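my_file-v4.csv (CSV, C-alpha atoms and all ligand atoms) appears below.
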chain,number,residue,atom,x,y,z
A,1,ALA,CA,0.0,0.0,0.0
A,2,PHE,CA,0.9,3.6,-0.6
A,3,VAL,CA,0.2,6.0,2.2
A,4,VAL,CA,-0.7,9.8,2.3
A,5,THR,CA,1.2,11.6,5.2
A,6,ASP,CA,1.3,15.0,6.9
A,7,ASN,CA,2.0,17.4,4.2
A,8,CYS,CA,-1.2,16.7,2.3
A,9,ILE,CA,-3.2,18.2,5.2
A,10,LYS,CA,-4.5,21.7,4.2
A,11,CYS,CA,-3.0,21.5,0.7
A,12,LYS,CA,-5.1,18.6,-0.8
A,13,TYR,CA,-4.0,19.3,-4.4
A,14,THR,CA,-5.7,16.1,-5.7
A,15,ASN,CA,-3.3,15.5,-8.6
A,16,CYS,CA,-2.8,12.0,-7.2
A,17,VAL,CA,-6.3,10.9,-8.0
A,18,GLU,CA,-5.9,11.2,-11.9
A,19,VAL,CA,-3.2,8.7,-12.1
A,20,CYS,CA,-4.7,6.0,-9.8
A,21,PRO,CA,-5.7,3.0,-12.0
A,22,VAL,CA,-8.0,1.6,-9.3
A,23,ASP,CA,-9.5,4.7,-7.7
A,24,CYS,CA,-8.6,3.9,-4.2
A,25,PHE,CA,-8.4,7.5,-2.8
A,26,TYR,CA,-11.0,8.7,-0.3
A,27,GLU,CA,-11.7,12.3,0.6
A,28,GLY,CA,-11.9,14.2,3.8
A,29,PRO,CA,-12.4,18.0,4.3
A,30,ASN,CA,-8.7,18.9,4.1
A,31,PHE,CA,-6.8,15.6,3.4
A,32,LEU,CA,-7.0,12.5,1.2
A,33,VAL,CA,-6.2,8.8,2.2
A,34,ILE,CA,-5.4,5.6,0.2
A,35,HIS,CA,-7.4,2.5,1.0
A,36,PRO,CA,-4.7,-0.2,1.7
A,37,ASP,CA,-6.7,-3.1,0.4
A,38,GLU,CA,-7.4,-1.6,-2.8
A,39,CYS,CA,-4.0,-0.1,-3.7
A,40,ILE,CA,-2.1,-2.2,-6.1
A,41,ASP,CA,1.2,-0.5,-5.3
A,42,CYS,CA,1.7,0.8,-8.9
A,43,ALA,CA,3.6,3.8,-7.4
A,44,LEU,CA,2.0,6.1,-10.1
A,45,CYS,CA,0.6,8.7,-7.6
A,46,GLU,CA,3.9,9.3,-5.8
A,47,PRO,CA,5.5,11.6,-8.5
A,48,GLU,CA,2.2,13.4,-8.9
A,49,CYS,CA,1.9,14.8,-5.5
A,50,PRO,CA,3.1,18.5,-5.4
A,51,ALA,CA,3.3,18.2,-1.6
A,52,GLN,CA,5.4,15.0,-1.8
A,53,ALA,CA,3.2,13.6,0.8
A,54,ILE,CA,2.8,10.1,-0.6
A,55,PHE,CA,5.1,7.2,0.4
A,56,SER,CA,5.3,3.5,-0.1
A,57,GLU,CA,4.4,2.1,3.3
A,58,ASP,CA,7.9,0.6,3.7
A,59,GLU,CA,9.2,4.1,3.1
A,60,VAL,CA,6.9,6.1,5.4
A,61,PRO,CA,9.2,8.3,7.7
A,62,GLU,CA,9.8,7.0,11.3
A,63,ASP,CA,8.0,10.1,12.6
A,64,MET,CA,5.0,9.6,10.3
A,65,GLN,CA,4.2,6.0,11.1
A,66,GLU,CA,0.8,6.9,12.5
A,67,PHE,CA,-0.3,7.7,9.0
A,68,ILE,CA,-0.3,4.1,7.9
A,69,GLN,CA,-3.0,3.2,10.3
A,70,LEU,CA,-4.8,6.6,9.8
A,71,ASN,CA,-5.1,6.0,6.1
A,72,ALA,CA,-6.6,2.6,6.8
A,73,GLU,CA,-9.3,3.8,9.2
A,74,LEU,CA,-10.3,7.0,7.4
A,75,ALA,CA,-10.6,5.2,4.1
A,76,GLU,CA,-13.5,3.3,5.7
A,77,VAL,CA,-15.4,6.4,6.6
A,78,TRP,CA,-14.8,8.9,3.9
A,79,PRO,CA,-16.3,9.0,0.4
A,80,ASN,CA,-14.3,7.8,-2.7
A,81,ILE,CA,-12.8,10.7,-4.8
A,82,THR,CA,-12.1,9.8,-8.5
A,83,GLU,CA,-11.8,13.3,-10.3
A,84,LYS,CA,-9.2,16.1,-9.6
A,85,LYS,CA,-10.5,19.2,-7.9
A,86,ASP,CA,-8.9,22.6,-7.3
A,87,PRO,CA,-6.4,22.7,-4.4
A,88,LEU,CA,-7.4,24.2,-1.1
A,89,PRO,CA,-7.3,28.1,-1.5
A,90,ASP,CA,-4.6,28.1,0.9
A,91,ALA,CA,-2.6,25.2,-0.3
A,92,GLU,CA,0.7,26.8,-1.2
A,93,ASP,CA,1.0,28.6,2.2
A,94,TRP,CA,0.5,25.3,4.1
A,95,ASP,CA,2.8,23.2,1.8
A,96,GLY,CA,5.9,22.5,3.7
A,97,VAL,CA,4.6,23.3,7.2
A,98,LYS,CA,5.2,20.4,9.7
A,99,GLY,CA,2.9,19.0,12.3
A,100,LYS,CA,-0.3,19.6,10.3
A,101,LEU,CA,-1.9,16.5,11.8
A,102,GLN,CA,-3.3,18.7,14.6
A,103,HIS,CA,-5.3,20.5,11.9
A,104,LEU,CA,-6.9,17.4,10.4
A,105,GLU,CA,-10.7,17.5,10.0
A,106,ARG,CA,-12.9,14.4,10.0
A,201,LIG,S1,0.2,3.3,-5.7
A,201,LIG,FE1,-1.2,3.2,-7.6
A,201,LIG,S2,-3.0,2.0,-6.9
A,201,LIG,FE2,-2.0,2.8,-5.0
A,201,LIG,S3,-3.0,4.8,-4.5
A,201,LIG,FE3,-1.1,5.2,-5.8
A,201,LIG,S4,-1.9,5.3,-7.9
A,201,LIG,FE4,-3.5,4.3,-6.7
A,202,LIG,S1,-1.4,17.0,-1.4
A,202,LIG,FE1,-2.8,15.3,-1.0
A,202,LIG,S2,-4.7,15.2,-2.3
A,202,LIG,FE2,-3.0,14.0,-3.4
A,202,LIG,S3,-1.8,15.3,-4.8
A,202,LIG,FE3,-0.8,15.2,-2.7
A,202,LIG,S4,-1.7,13.4,-1.7

Show me this structure written as structure tokens.
Amino acid sequence: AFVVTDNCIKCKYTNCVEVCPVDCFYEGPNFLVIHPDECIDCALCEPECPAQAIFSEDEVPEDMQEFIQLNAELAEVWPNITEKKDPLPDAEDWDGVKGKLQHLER
């Protein structure tokens, strides 16, 4: 499985969803998650993220391990997103800011 981590929060560019061959991204207010059962590990989304927030689960940073689990449980509760959208208005001011998990919205 590929995993969306901290820097997607409050950016949510959604570039990643056009490349997914199996449409396994799910959408929250200010973040996206990958459903781990569905991902086929094609790695196509990882170069597409402006925020470089996607990682192979074996590559997730030591300080971001919580995201592996988070992606798995939020994917169960959020709706499927299959079309790109515009970025959050604010996206480019929040891109690169650390610790954005305290800003996550369910
Ligand atoms: S690795 Fe491939 S299948 Fe998995 S979320 Fe990315 S684009 Fe979709
Ligand atoms: S910022 Fe988030 S919505 Fe996709 S393009 Fe990057 S994982």

### Query
From the list A:104, A:97, A:77, A:34, which residue is nearest ligand LIG 202 (chain A) when using all atoms listed in the file?
A:34

### residue 80 in chain A environment, 10 Å, only C-alpha atoms, sequence neighbours closer than 5 positions dropped, as a PyMOL selection string
chain A and resi 23-28+32-35+75

At most 8 Å is the cut-off: for each residue in chain A with any atom that close to an atom of ligand LIG 201 (chain A), write down the nearest atom pair and the distance in Å rounded to one decimal, counting only C-alpha atoms and all ligand atoms, chain first then increasing number, as a tab-separated table.
residue	atom	partner	partner_atom	distance
A:1	CA	A:LIG201	FE2	6.1
A:2	CA	A:LIG201	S1	5.2
A:3	CA	A:LIG201	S3	7.5
A:16	CA	A:LIG201	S4	6.8
A:17	CA	A:LIG201	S4	7.1
A:19	CA	A:LIG201	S4	5.6
A:20	CA	A:LIG201	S4	3.5
A:21	CA	A:LIG201	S2	5.9
A:22	CA	A:LIG201	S2	5.6
A:23	CA	A:LIG201	FE4	6.1
A:24	CA	A:LIG201	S3	5.7
A:25	CA	A:LIG201	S3	6.3
A:34	CA	A:LIG201	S3	5.3
A:35	CA	A:LIG201	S3	7.4
A:36	CA	A:LIG201	FE2	7.8
A:38	CA	A:LIG201	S2	7.0
A:39	CA	A:LIG201	FE2	3.8
A:40	CA	A:LIG201	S2	4.4
A:41	CA	A:LIG201	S1	3.9
A:42	CA	A:LIG201	FE1	4.0
A:43	CA	A:LIG201	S1	3.8
A:44	CA	A:LIG201	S4	4.5
A:45	CA	A:LIG201	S4	4.2
A:46	CA	A:LIG201	FE3	6.5
A:56	CA	A:LIG201	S1	7.6

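Closest approach to residue 93 in chain A among A:15, A:76, A:51, A:31 is made by A:51 (distances from only C-alpha atoms).
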
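In this structure, CA of residue 7 in chain A sits 6.3 Å away from CA of residue 95 in chain A.
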
Please supply range 50-75 of chain A, rebuilt with N, CA, C and O atoms, as a PDB file, keeping the file's coordinate frame.
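After the write, result-v1.pdb holds the following:
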ATOM      1  N   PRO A  50       2.328  17.308  -5.587  1.00  0.00           N
ATOM      2  CA  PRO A  50       3.100  18.500  -5.400  1.00  0.00           C
ATOM      3  C   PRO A  50       3.649  18.591  -3.977  1.00  0.00           C
ATOM      4  O   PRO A  50       4.738  19.088  -3.736  1.00  0.00           O
ATOM      5  N   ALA A  51       2.920  18.087  -2.992  1.00  0.00           N
ATOM      6  CA  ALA A  51       3.300  18.200  -1.600  1.00  0.00           C
ATOM      7  C   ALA A  51       4.291  17.107  -1.174  1.00  0.00           C
ATOM      8  O   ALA A  51       4.753  17.121  -0.017  1.00  0.00           O
ATOM      9  N   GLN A  52       4.615  16.178  -2.110  1.00  0.00           N
ATOM     10  CA  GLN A  52       5.400  15.000  -1.800  1.00  0.00           C
ATOM     11  C   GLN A  52       5.107  14.253  -0.550  1.00  0.00           C
ATOM     12  O   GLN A  52       5.928  13.752   0.212  1.00  0.00           O
ATOM     13  N   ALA A  53       3.809  14.194  -0.349  1.00  0.00           N
ATOM     14  CA  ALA A  53       3.200  13.600   0.800  1.00  0.00           C
ATOM     15  C   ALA A  53       2.951  12.120   0.675  1.00  0.00           C
ATOM     16  O   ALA A  53       2.708  11.444   1.670  1.00  0.00           O
ATOM     17  N   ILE A  54       3.049  11.499  -0.519  1.00  0.00           N
ATOM     18  CA  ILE A  54       2.800  10.100  -0.600  1.00  0.00           C
ATOM     19  C   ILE A  54       4.084   9.300  -0.559  1.00  0.00           C
ATOM     20  O   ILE A  54       5.126   9.744  -1.069  1.00  0.00           O
ATOM     21  N   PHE A  55       4.017   8.180   0.181  1.00  0.00           N
ATOM     22  CA  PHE A  55       5.100   7.200   0.400  1.00  0.00           C
ATOM     23  C   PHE A  55       4.623   5.823   0.285  1.00  0.00           C
ATOM     24  O   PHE A  55       3.487   5.536   0.691  1.00  0.00           O
ATOM     25  N   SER A  56       5.496   4.941  -0.190  1.00  0.00           N
ATOM     26  CA  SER A  56       5.300   3.500  -0.100  1.00  0.00           C
ATOM     27  C   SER A  56       5.275   3.220   1.395  1.00  0.00           C
ATOM     28  O   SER A  56       6.040   3.849   2.166  1.00  0.00           O
ATOM     29  N   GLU A  57       4.459   2.264   1.881  1.00  0.00           N
ATOM     30  CA  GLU A  57       4.400   2.100   3.300  1.00  0.00           C
ATOM     31  C   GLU A  57       5.662   1.669   3.922  1.00  0.00           C
ATOM     32  O   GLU A  57       5.993   2.105   5.025  1.00  0.00           O
ATOM     33  N   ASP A  58       6.551   1.030   3.177  1.00  0.00           N
ATOM     34  CA  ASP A  58       7.900   0.600   3.700  1.00  0.00           C
ATOM     35  C   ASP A  58       8.833   1.763   3.746  1.00  0.00           C
ATOM     36  O   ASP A  58       9.905   1.656   4.390  1.00  0.00           O
ATOM     37  N   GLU A  59       8.442   2.876   3.125  1.00  0.00           N
ATOM     38  CA  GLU A  59       9.200   4.100   3.100  1.00  0.00           C
ATOM     39  C   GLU A  59       8.646   5.157   3.963  1.00  0.00           C
ATOM     40  O   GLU A  59       9.221   6.249   3.997  1.00  0.00           O
ATOM     41  N   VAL A  60       7.522   4.968   4.624  1.00  0.00           N
ATOM     42  CA  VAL A  60       6.900   6.100   5.400  1.00  0.00           C
ATOM     43  C   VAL A  60       7.960   6.589   6.443  1.00  0.00           C
ATOM     44  O   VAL A  60       8.585   5.724   7.088  1.00  0.00           O
ATOM     45  N   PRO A  61       8.244   7.894   6.698  1.00  0.00           N
ATOM     46  CA  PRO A  61       9.200   8.300   7.700  1.00  0.00           C
ATOM     47  C   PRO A  61       8.898   7.805   9.081  1.00  0.00           C
ATOM     48  O   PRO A  61       7.746   7.529   9.415  1.00  0.00           O
ATOM     49  N   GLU A  62       9.898   7.587   9.921  1.00  0.00           N
ATOM     50  CA  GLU A  62       9.800   7.000  11.300  1.00  0.00           C
ATOM     51  C   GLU A  62       8.816   7.920  12.063  1.00  0.00           C
ATOM     52  O   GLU A  62       7.945   7.438  12.766  1.00  0.00           O
ATOM     53  N   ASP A  63       8.908   9.216  11.892  1.00  0.00           N
ATOM     54  CA  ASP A  63       8.000  10.100  12.600  1.00  0.00           C
ATOM     55  C   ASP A  63       6.622  10.257  12.006  1.00  0.00           C
ATOM     56  O   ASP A  63       5.863  11.085  12.496  1.00  0.00           O
ATOM     57  N   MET A  64       6.266   9.509  10.962  1.00  0.00           N
ATOM     58  CA  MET A  64       5.000   9.600  10.300  1.00  0.00           C
ATOM     59  C   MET A  64       4.252   8.259  10.292  1.00  0.00           C
ATOM     60  O   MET A  64       3.246   8.098   9.600  1.00  0.00           O
ATOM     61  N   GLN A  65       4.705   7.310  11.112  1.00  0.00           N
ATOM     62  CA  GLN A  65       4.200   6.000  11.100  1.00  0.00           C
ATOM     63  C   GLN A  65       2.730   5.940  11.398  1.00  0.00           C
ATOM     64  O   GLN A  65       2.001   5.072  10.922  1.00  0.00           O
ATOM     65  N   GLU A  66       2.244   6.855  12.195  1.00  0.00           N
ATOM     66  CA  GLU A  66       0.800   6.900  12.500  1.00  0.00           C
ATOM     67  C   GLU A  66      -0.051   7.010  11.277  1.00  0.00           C
ATOM     68  O   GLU A  66      -1.187   6.506  11.216  1.00  0.00           O
ATOM     69  N   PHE A  67       0.466   7.572  10.184  1.00  0.00           N
ATOM     70  CA  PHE A  67      -0.300   7.700   9.000  1.00  0.00           C
ATOM     71  C   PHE A  67      -0.777   6.461   8.306  1.00  0.00           C
ATOM     72  O   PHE A  67      -1.828   6.455   7.661  1.00  0.00           O
ATOM     73  N   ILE A  68      -0.008   5.372   8.493  1.00  0.00           N
ATOM     74  CA  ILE A  68      -0.300   4.100   7.900  1.00  0.00           C
ATOM     75  C   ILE A  68      -1.649   3.595   8.331  1.00  0.00           C
ATOM     76  O   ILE A  68      -2.573   3.380   7.550  1.00  0.00           O
ATOM     77  N   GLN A  69      -1.789   3.583   9.659  1.00  0.00           N
ATOM     78  CA  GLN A  69      -3.000   3.200  10.300  1.00  0.00           C
ATOM     79  C   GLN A  69      -4.141   4.240  10.037  1.00  0.00           C
ATOM     80  O   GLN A  69      -5.236   3.834   9.668  1.00  0.00           O
ATOM     81  N   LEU A  70      -3.847   5.553  10.112  1.00  0.00           N
ATOM     82  CA  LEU A  70      -4.800   6.600   9.800  1.00  0.00           C
ATOM     83  C   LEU A  70      -5.416   6.451   8.460  1.00  0.00           C
ATOM     84  O   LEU A  70      -6.612   6.608   8.260  1.00  0.00           O
ATOM     85  N   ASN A  71      -4.594   6.143   7.477  1.00  0.00           N
ATOM     86  CA  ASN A  71      -5.100   6.000   6.100  1.00  0.00           C
ATOM     87  C   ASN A  71      -6.054   4.833   6.078  1.00  0.00           C
ATOM     88  O   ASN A  71      -7.140   4.905   5.495  1.00  0.00           O
ATOM     89  N   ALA A  72      -5.715   3.759   6.782  1.00  0.00           N
ATOM     90  CA  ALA A  72      -6.600   2.600   6.800  1.00  0.00           C
ATOM     91  C   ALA A  72      -7.923   2.867   7.445  1.00  0.00           C
ATOM     92  O   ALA A  72      -8.990   2.512   6.903  1.00  0.00           O
ATOM     93  N   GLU A  73      -7.959   3.601   8.575  1.00  0.00           N
ATOM     94  CA  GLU A  73      -9.300   3.800   9.200  1.00  0.00           C
ATOM     95  C   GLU A  73     -10.049   4.901   8.559  1.00  0.00           C
ATOM     96  O   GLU A  73     -11.276   4.804   8.537  1.00  0.00           O
ATOM     97  N   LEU A  74      -9.444   5.933   8.000  1.00  0.00           N
ATOM     98  CA  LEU A  74     -10.300   7.000   7.400  1.00  0.00           C
ATOM     99  C   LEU A  74     -10.848   6.544   6.105  1.00  0.00           C
ATOM    100  O   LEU A  74     -11.945   6.944   5.710  1.00  0.00           O
ATOM    101  N   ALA A  75     -10.176   5.649   5.419  1.00  0.00           N
ATOM    102  CA  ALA A  75     -10.600   5.200   4.100  1.00  0.00           C
ATOM    103  C   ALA A  75     -11.920   4.429   4.269  1.00  0.00           C
ATOM    104  O   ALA A  75     -12.658   4.326   3.291  1.00  0.00           O
TER     105      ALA A  75
END
